[PDB]
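Q: Pasting final-v9.csv here (CSV, N, CA, C and O atoms):
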```csv
chain,number,residue,atom,x,y,z
A,1,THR,N,130.1,137.0,52.6
A,1,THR,CA,130.7,138.2,52.2
A,1,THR,C,130.7,138.3,50.7
A,1,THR,O,130.4,139.4,50.1
A,2,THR,N,131.2,137.2,50.0
A,2,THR,CA,131.3,137.2,48.6
A,2,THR,C,130.1,136.5,48.0
A,2,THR,O,129.8,135.3,48.3
A,3,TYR,N,129.3,137.2,47.1
A,3,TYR,CA,128.1,136.6,46.4
A,3,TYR,C,128.1,136.9,44.9
A,3,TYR,O,128.6,138.0,44.5
A,4,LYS,N,127.6,135.9,44.2
A,4,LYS,CA,127.6,136.1,42.7
A,4,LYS,C,126.2,135.8,42.2
A,4,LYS,O,125.5,134.9,42.7
A,5,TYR,N,125.7,136.6,41.2
A,5,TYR,CA,124.4,136.5,40.6
A,5,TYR,C,124.4,135.8,39.3
A,5,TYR,O,125.4,136.0,38.5
A,6,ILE,N,123.4,134.9,39.0
A,6,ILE,CA,123.4,134.1,37.8
A,6,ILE,C,122.0,134.1,37.2
A,6,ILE,O,121.0,133.7,37.9
A,7,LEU,N,121.8,134.6,36.0
A,7,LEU,CA,120.5,134.6,35.3
A,7,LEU,C,120.4,133.5,34.3
A,7,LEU,O,121.4,133.1,33.6
A,8,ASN,N,119.2,132.8,34.3
A,8,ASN,CA,119.0,131.7,33.4
A,8,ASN,C,118.0,132.1,32.3
A,8,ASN,O,117.0,132.7,32.6
A,9,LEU,N,118.3,131.6,31.1
A,9,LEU,CA,117.4,131.8,29.9
A,9,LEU,C,117.2,130.5,29.2
A,9,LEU,O,118.2,129.9,28.8
A,10,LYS,N,115.9,130.1,29.0
A,10,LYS,CA,115.6,128.9,28.3
A,10,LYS,C,115.1,129.2,26.9
A,10,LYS,O,114.2,130.0,26.7
A,11,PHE,N,115.6,128.5,25.9
A,11,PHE,CA,115.2,128.6,24.5
A,11,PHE,C,115.0,127.3,23.9
A,11,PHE,O,116.0,126.5,23.8
A,12,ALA,N,113.8,127.0,23.4
A,12,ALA,CA,113.4,125.7,22.7
A,12,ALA,C,112.3,125.9,21.8
A,12,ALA,O,111.4,126.8,22.0
A,13,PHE,N,112.3,125.1,20.7
A,13,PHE,CA,111.2,125.2,19.7
A,13,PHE,C,110.8,123.8,19.3
A,13,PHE,O,111.5,122.8,19.4
A,14,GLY,N,109.5,123.7,18.8
A,14,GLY,CA,109.0,122.4,18.4
A,14,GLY,C,109.2,122.1,16.9
A,14,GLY,O,108.2,122.2,16.1
A,15,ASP,N,110.4,121.7,16.6
A,15,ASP,CA,110.7,121.4,15.2
A,15,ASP,C,111.4,120.0,15.1
A,15,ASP,O,112.0,119.5,16.1
A,16,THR,N,111.4,119.4,13.9
A,16,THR,CA,112.0,118.1,13.7
A,16,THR,C,113.4,118.2,13.2
A,16,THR,O,114.3,117.5,13.7
A,17,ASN,N,113.6,119.2,12.2
A,17,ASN,CA,115.0,119.4,11.7
A,17,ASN,C,115.5,120.7,12.1
A,17,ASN,O,114.9,121.8,12.0
A,18,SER,N,116.8,120.7,12.7
A,18,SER,CA,117.4,121.9,13.2
A,18,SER,C,118.6,122.2,12.3
A,18,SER,O,119.5,121.4,12.0
A,19,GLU,N,118.7,123.5,11.9
A,19,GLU,CA,119.8,124.0,11.1
A,19,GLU,C,120.3,125.4,11.5
A,19,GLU,O,121.5,125.7,11.6
A,20,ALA,N,119.3,126.3,11.8
A,20,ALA,CA,119.5,127.7,12.2
A,20,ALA,C,119.3,127.8,13.7
A,20,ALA,O,118.5,127.1,14.3
A,21,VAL,N,120.0,128.7,14.3
A,21,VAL,CA,119.9,129.0,15.8
A,21,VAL,C,119.8,130.5,16.0
A,21,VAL,O,120.5,131.3,15.3
A,22,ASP,N,119.0,130.9,17.0
A,22,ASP,CA,118.8,132.3,17.4
A,22,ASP,C,119.7,132.7,18.6
A,22,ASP,O,119.4,132.1,19.7
A,23,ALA,N,120.6,133.6,18.4
A,23,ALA,CA,121.5,134.0,19.5
A,23,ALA,C,121.8,135.5,19.4
A,23,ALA,O,122.3,136.1,20.3
A,24,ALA,N,121.3,136.2,18.3
A,24,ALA,CA,121.4,137.6,18.1
A,24,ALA,C,120.4,138.4,18.9
A,24,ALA,O,120.7,139.6,19.3
A,25,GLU,N,119.2,137.8,19.2
A,25,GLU,CA,118.2,138.5,20.0
A,25,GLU,C,118.4,138.4,21.5
A,25,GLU,O,118.1,139.4,22.2
A,26,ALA,N,119.0,137.3,21.9
A,26,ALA,CA,119.3,137.1,23.4
A,26,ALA,C,120.6,137.8,23.8
A,26,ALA,O,120.7,138.2,24.9
A,27,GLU,N,121.5,137.9,22.9
A,27,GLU,CA,122.8,138.6,23.1
A,27,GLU,C,122.7,140.1,23.0
A,27,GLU,O,123.4,140.8,23.7
A,28,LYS,N,121.8,140.6,22.1
A,28,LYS,CA,121.6,142.0,22.0
A,28,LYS,C,120.7,142.6,23.0
A,28,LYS,O,120.9,143.8,23.4
A,29,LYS,N,119.7,141.8,23.5
A,29,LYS,CA,118.8,142.3,24.5
A,29,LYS,C,119.4,142.2,25.9
A,29,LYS,O,119.2,143.1,26.8
A,30,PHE,N,120.3,141.2,26.2
A,30,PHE,CA,121.0,141.0,27.4
A,30,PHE,C,122.1,142.0,27.6
A,30,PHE,O,122.5,142.4,28.7
A,31,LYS,N,122.7,142.4,26.4
A,31,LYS,CA,123.8,143.4,26.4
A,31,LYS,C,123.3,144.8,26.5
A,31,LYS,O,124.0,145.7,27.0
A,32,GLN,N,122.0,145.1,26.2
A,32,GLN,CA,121.4,146.4,26.2
A,32,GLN,C,120.9,146.7,27.7
A,32,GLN,O,121.2,147.8,28.2
A,33,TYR,N,120.3,145.7,28.3
A,33,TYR,CA,119.8,145.8,29.7
A,33,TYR,C,120.9,145.8,30.7
A,33,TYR,O,120.9,146.5,31.7
A,34,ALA,N,122.0,145.0,30.5
A,34,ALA,CA,123.1,144.9,31.4
A,34,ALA,C,124.1,146.1,31.3
A,34,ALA,O,124.7,146.5,32.3
A,35,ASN,N,124.2,146.7,30.0
A,35,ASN,CA,125.1,147.8,29.8
A,35,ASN,C,124.4,149.2,30.2
A,35,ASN,O,125.0,150.2,30.3
A,36,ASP,N,123.1,149.1,30.3
A,36,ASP,CA,122.3,150.3,30.6
A,36,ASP,C,122.1,150.4,32.2
A,36,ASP,O,122.0,151.5,32.7
A,37,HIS,N,122.2,149.3,32.9
A,37,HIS,CA,122.0,149.3,34.3
A,37,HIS,C,123.4,149.2,35.0
A,37,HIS,O,123.6,149.7,36.1
A,38,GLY,N,124.4,148.6,34.3
A,38,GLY,CA,125.7,148.4,34.8
A,38,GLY,C,126.0,147.1,35.5
A,38,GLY,O,126.3,147.0,36.7
A,39,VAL,N,125.9,146.0,34.6
A,39,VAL,CA,126.2,144.6,35.1
A,39,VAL,C,127.2,144.0,34.2
A,39,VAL,O,127.0,143.9,32.9
A,40,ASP,N,128.3,143.5,34.7
A,40,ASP,CA,129.3,142.8,34.0
A,40,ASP,C,129.3,141.3,34.2
A,40,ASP,O,129.4,140.8,35.3
A,41,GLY,N,129.2,140.5,33.1
A,41,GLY,CA,129.2,139.1,33.2
A,41,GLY,C,129.7,138.4,32.0
A,41,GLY,O,130.5,139.0,31.2
A,42,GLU,N,129.3,137.1,31.8
A,42,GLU,CA,129.8,136.3,30.6
A,42,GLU,C,128.6,135.5,30.0
A,42,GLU,O,127.7,135.1,30.8
A,43,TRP,N,128.7,135.2,28.7
A,43,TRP,CA,127.7,134.4,28.1
A,43,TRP,C,128.2,132.9,27.9
A,43,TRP,O,129.4,132.7,27.6
A,44,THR,N,127.2,132.0,28.0
A,44,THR,CA,127.5,130.6,27.8
A,44,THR,C,126.4,129.8,27.1
A,44,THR,O,125.2,130.0,27.4
A,45,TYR,N,126.7,129.0,26.1
A,45,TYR,CA,125.8,128.2,25.3
A,45,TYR,C,125.6,126.8,25.9
A,45,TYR,O,126.6,126.2,26.2
A,46,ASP,N,124.4,126.4,26.0
A,46,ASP,CA,124.1,125.0,26.5
A,46,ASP,C,123.1,124.3,25.5
A,46,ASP,O,121.9,124.5,25.5
A,47,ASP,N,123.8,123.4,24.6
A,47,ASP,CA,123.1,122.6,23.6
A,47,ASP,C,122.3,123.5,22.6
A,47,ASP,O,122.0,124.7,22.8
A,48,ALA,N,122.1,122.9,21.4
A,48,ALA,CA,121.3,123.6,20.3
A,48,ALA,C,119.8,123.6,20.6
A,48,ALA,O,119.2,122.6,20.6
A,49,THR,N,119.3,124.9,20.7
A,49,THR,CA,117.8,125.1,21.0
A,49,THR,C,117.4,124.2,22.2
A,49,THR,O,116.6,123.2,22.0
A,50,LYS,N,117.8,124.7,23.4
A,50,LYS,CA,117.4,124.0,24.7
A,50,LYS,C,117.6,124.9,25.9
A,50,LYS,O,116.6,125.4,26.4
A,51,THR,N,118.9,125.2,26.3
A,51,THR,CA,119.1,126.1,27.4
A,51,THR,C,120.3,127.1,27.1
A,51,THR,O,121.2,126.8,26.3
A,52,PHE,N,120.2,128.2,27.8
A,52,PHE,CA,121.2,129.3,27.7
A,52,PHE,C,121.5,129.9,29.0
A,52,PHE,O,120.6,130.4,29.7
A,53,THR,N,122.7,129.8,29.5
A,53,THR,CA,123.1,130.4,30.8
A,53,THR,C,124.0,131.6,30.6
A,53,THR,O,124.7,131.8,29.6
A,54,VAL,N,123.8,132.6,31.6
A,54,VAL,CA,124.5,133.8,31.6
A,54,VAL,C,124.9,134.2,33.0
A,54,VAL,O,124.1,134.2,33.9
A,55,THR,N,126.2,134.6,33.1
A,55,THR,CA,126.8,135.0,34.4
A,55,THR,C,126.6,136.5,34.6
A,55,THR,O,126.8,137.3,33.7
A,56,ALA,N,126.3,136.9,35.9
A,56,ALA,CA,126.2,138.3,36.2
A,56,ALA,C,127.0,138.7,37.5
A,56,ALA,O,126.7,138.2,38.6
A,57,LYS,N,127.9,139.6,37.3
A,57,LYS,CA,128.8,140.1,38.4
A,57,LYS,C,128.6,141.6,38.6
A,57,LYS,O,128.7,142.4,37.7
A,58,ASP,N,128.2,141.9,39.9
A,58,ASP,CA,128.0,143.3,40.3
A,58,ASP,C,128.5,143.5,41.7
A,58,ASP,O,128.6,142.6,42.5
A,59,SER,N,128.8,144.8,42.0
A,59,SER,CA,129.3,145.2,43.3
A,59,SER,C,128.1,145.6,44.3
A,59,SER,O,128.1,145.3,45.5
A,60,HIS,N,127.2,146.3,43.7
A,60,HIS,CA,126.0,146.8,44.5
A,60,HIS,C,124.8,145.9,44.2
A,60,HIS,O,124.7,145.2,43.2
A,61,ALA,N,123.9,145.9,45.2
A,61,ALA,CA,122.6,145.1,45.1
A,61,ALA,C,121.5,145.9,44.5
A,61,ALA,O,120.3,145.4,44.4
A,62,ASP,N,121.8,147.0,43.9
A,62,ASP,CA,120.8,147.9,43.2
A,62,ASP,C,120.7,147.6,41.7
A,62,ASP,O,119.6,147.7,41.1
A,63,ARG,N,121.9,147.2,41.1
A,63,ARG,CA,121.9,146.9,39.7
A,63,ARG,C,121.4,145.5,39.4
A,63,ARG,O,120.8,145.3,38.3
A,64,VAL,N,121.6,144.6,40.3
A,64,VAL,CA,121.1,143.2,40.2
A,64,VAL,C,119.6,143.1,40.5
A,64,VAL,O,119.0,142.1,40.1
A,65,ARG,N,119.1,144.0,41.3
A,65,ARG,CA,117.7,144.0,41.8
A,65,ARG,C,116.8,144.7,40.7
A,65,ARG,O,115.7,144.4,40.6
A,66,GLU,N,117.4,145.7,40.0
A,66,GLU,CA,116.7,146.4,38.9
A,66,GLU,C,116.7,145.6,37.6
A,66,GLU,O,115.8,145.7,36.8
A,67,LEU,N,117.8,144.8,37.4
A,67,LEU,CA,117.9,143.9,36.2
A,67,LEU,C,117.1,142.6,36.4
A,67,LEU,O,116.5,142.1,35.4
A,68,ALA,N,116.9,142.1,37.6
A,68,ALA,CA,116.2,140.9,37.9
A,68,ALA,C,114.7,141.2,38.0
A,68,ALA,O,113.8,140.3,37.8
A,69,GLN,N,114.3,142.5,38.3
A,69,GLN,CA,112.9,142.9,38.5
A,69,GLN,C,112.3,143.4,37.1
A,69,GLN,O,111.1,143.3,36.9
A,70,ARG,N,113.2,144.0,36.3
A,70,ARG,CA,112.8,144.5,35.0
A,70,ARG,C,112.8,143.4,33.9
A,70,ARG,O,112.2,143.6,32.8
A,71,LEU,N,113.6,142.3,34.1
A,71,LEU,CA,113.7,141.2,33.1
A,71,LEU,C,112.7,140.1,33.4
A,71,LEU,O,112.1,139.6,32.4
A,72,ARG,N,112.5,139.8,34.6
A,72,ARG,CA,111.5,138.8,35.0
A,72,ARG,C,110.1,139.4,35.2
A,72,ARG,O,109.8,139.9,36.4
A,73,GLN,N,109.3,139.5,34.2
A,73,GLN,CA,108.0,140.1,34.2
A,73,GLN,C,107.0,139.1,33.5
A,73,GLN,O,106.0,138.7,34.1
A,74,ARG,N,107.2,138.8,32.2
A,74,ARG,CA,106.3,138.0,31.4
A,74,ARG,C,107.1,137.2,30.4
A,74,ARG,O,107.6,137.7,29.4
A,75,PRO,N,107.4,135.8,30.6
A,75,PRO,CA,108.1,135.0,29.7
A,75,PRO,C,107.3,134.6,28.4
A,75,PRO,O,106.1,134.3,28.5
A,76,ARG,N,108.0,134.7,27.3
A,76,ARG,CA,107.3,134.4,26.0
A,76,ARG,C,108.3,133.6,25.0
A,76,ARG,O,107.9,132.6,24.4
A,77,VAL,N,109.5,134.2,24.9
A,77,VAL,CA,110.5,133.6,24.1
A,77,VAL,C,111.5,132.7,24.9
A,77,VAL,O,111.9,131.6,24.5
A,78,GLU,N,111.9,133.2,26.1
A,78,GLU,CA,112.8,132.5,27.0
A,78,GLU,C,112.4,132.6,28.4
A,78,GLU,O,111.7,133.6,28.8
A,79,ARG,N,112.8,131.6,29.2
A,79,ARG,CA,112.5,131.6,30.6
A,79,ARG,C,113.5,132.4,31.4
A,79,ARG,O,114.7,132.0,31.4
A,80,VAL,N,113.1,133.4,32.1
A,80,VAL,CA,114.0,134.3,32.9
A,80,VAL,C,113.9,134.0,34.4
A,80,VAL,O,112.8,134.2,35.0
A,81,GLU,N,115.0,133.5,34.9
A,81,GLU,CA,115.0,133.2,36.4
A,81,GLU,C,116.4,133.7,37.0
A,81,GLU,O,117.4,133.8,36.3
A,82,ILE,N,116.3,134.0,38.3
A,82,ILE,CA,117.5,134.5,38.9
A,82,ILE,C,117.8,133.8,40.2
A,82,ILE,O,116.9,133.5,41.0
A,83,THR,N,119.0,133.4,40.4
A,83,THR,CA,119.5,132.6,41.6
A,83,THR,C,120.8,133.1,42.1
A,83,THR,O,121.7,133.4,41.3
A,84,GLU,N,121.0,133.1,43.4
A,84,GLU,CA,122.3,133.5,44.0
A,84,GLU,C,123.1,132.3,44.4
A,84,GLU,O,122.7,131.4,45.1
A,85,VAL,N,124.4,132.3,43.9
A,85,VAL,CA,125.3,131.3,44.2
A,85,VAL,C,126.5,131.8,45.1
A,85,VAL,O,127.0,132.9,44.9
A,86,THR,N,127.0,130.9,46.0
A,86,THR,CA,128.1,131.2,46.9
A,86,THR,C,129.0,130.0,47.1
A,86,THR,O,128.6,128.9,46.9
A,87,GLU,N,130.3,130.3,47.3
A,87,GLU,CA,131.3,129.3,47.5
A,87,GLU,C,131.6,129.1,49.0
A,87,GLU,O,132.0,130.1,49.6
```
Using structure tokens, write down the structure that the file contains.

A:
Amino acid sequence: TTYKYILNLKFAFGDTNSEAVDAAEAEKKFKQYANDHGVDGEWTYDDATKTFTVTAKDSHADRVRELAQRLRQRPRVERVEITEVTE
């Protein structure tokens, strides 16, 4: 009866020294697509330049199907994957 959606985003670069981090492009793009379709969730950081997790909570299966189909098309900057979790 109760189901929750979770989107995964992978971010990594081939550098030796790390000082700067990119979070404005992933937070502005995820907030634009989620606020345009109607998806409420939370953001979570996983290590510096490695992995990025994001939670997605919706009532209807139309907003999570349009967000998962329009986001997962062609990966270039981050890996976009969708998985359903249940308790």

Q: Write down as a list in words the residues of chain A whose backbone DSSP state falls under alpha helix (DSSP H).

A: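 Across chain A, those assigned alpha helix (DSSP H) are residues 24, 25, 26, 27, 28, 29, 30, 31, 32, 33, 34, 35, 36, 37, 63, 64, 65, 66, 67, 68, 69, 70 and 71 of chain A.
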
Q: Would you give me, as number ranges by chain, the residues in chain A that DSSP reads as strand (DSSP E)?

A: A: 4-10, 40-46, 51-57, 79-85

Q: Using only C-alpha atoms, which residues sit within 9 Å of residue 77 (chain A) once same-chain residues fewer than 4 positions away are excluded, as a PyMOL selection string?

A: chain A and resi 10-12

Q: Counting only C-alpha atoms, which residue out of A:71, A:4, A:26, A:65 sits closest to residue 87 (chain A)?

A: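 For residue 87 (chain A), the nearest of the given residues is A:4.
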
Q: Which value, in Å to one decimal, gives the distance between atom O of residue 63 (chain A) and atom O of residue 48 (chain A)?

A: 28.8 Å
